[PDB]
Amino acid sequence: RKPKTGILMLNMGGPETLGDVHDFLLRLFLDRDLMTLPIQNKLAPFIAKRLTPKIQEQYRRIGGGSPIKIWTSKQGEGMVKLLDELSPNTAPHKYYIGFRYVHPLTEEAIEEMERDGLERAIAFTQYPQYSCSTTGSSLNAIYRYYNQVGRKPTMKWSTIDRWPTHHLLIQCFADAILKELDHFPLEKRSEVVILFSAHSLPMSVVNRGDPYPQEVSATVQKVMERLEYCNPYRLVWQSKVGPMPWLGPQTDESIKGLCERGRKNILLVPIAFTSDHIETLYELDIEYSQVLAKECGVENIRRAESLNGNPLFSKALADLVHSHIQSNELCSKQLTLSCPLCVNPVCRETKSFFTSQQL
């Protein structure tokens, strides 16, 4: 009856309503794992307020907020039901959501897991491919929480810190692509070009050693292997802001370029995230597939469905947690190597926090 094993699902989060946008931005801009600003305690609230209207308008364009919490909860519930049956010795299992910049915040979830008196806590990132700016930032929040509160954990921690080639995740993407290919006019299907798209990183981050581009490229290859190379593809990158150099090719410039070169039948595949959110519902579906694509003369542009409530995806999550438990690993071998040019002192503390855990 009392939960024994807590699976803490980590993600950045998104504002559920338009009223949550300002505080989302403020927590983001206060976070030094992402950015160091001059006079940051002053500029953070200011830039949050400055950007609120633009960002609320994007969310209003997709129906008034992000659905991430809904999807995460449905996935969490399907995962736990499977885990109680796969793993009766670590049952009952209970999921907790720990979002970095909206409620329930990472720190609020840890407080609850400790209150619930769990024996074991698993920090399970919902980003299959690791970036120090996504999963690294969620794992640092766990280390900082105990550091700030000045007490040690009362539960045994470990982390599933990446899973870019999990076989059932791969199957979920391949399945979604095959379904969407069937939605193109039959006479176009062979002609379709696949653009896998993932959020970009600034080159300053790529060049310091961030593991993300190599892992996202691995996911793309395993998906194309599963599909037997039925269509040609490129991996391209979305969401660049600001005037600094980021990893390209850009998704928008790639859609326009393909159109200008006669490839007017394009299937977009979000490959680095597992539910709908602003990047899919606003950036890909509206900004590129409605506005940009209409202006460049595209014939058909479609997007693979996000994994969202697919029961095969819940089965992937539970398979990941079960295999983790059975292996007794505390973290990947990759978490034990920080970036070769890391300049953030917290990363090594975070690494040690996980590699040193009792058990």
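For every residue, the number given is its place in the sequence shown, counted from 1.
Here the stretch with the larger average CA B-factor, out of 149-157 and 228-236, is 149-157. Just going by the entry, 175-183 versus 140-148 on mean CA temperature factor gives the higher value to 140-148. If you compare the C-alpha temperature factors of 307, 318, 331, 44 in the entry, 44 comes out highest.
The top Cα temperature factor in the record, among 197, 280, 289, 274, falls on 289.
In the deposited entry, the Cα temperature factor of residue 345 places it in the highest third of its chain's modelled residues. Looking at the C-alpha B-factors along this chain, the one for residue 324 belongs to the middle third. Ranked by C-alpha B-factor against the other modelled residues of its chain, residue 90 falls in the highest third. The deposited CA B-factor of residue 265 belongs to the middle third of values across its chain. Split the chain's modelled residues into thirds by C-alpha temperature factor. Residue 253 is in the middle one.
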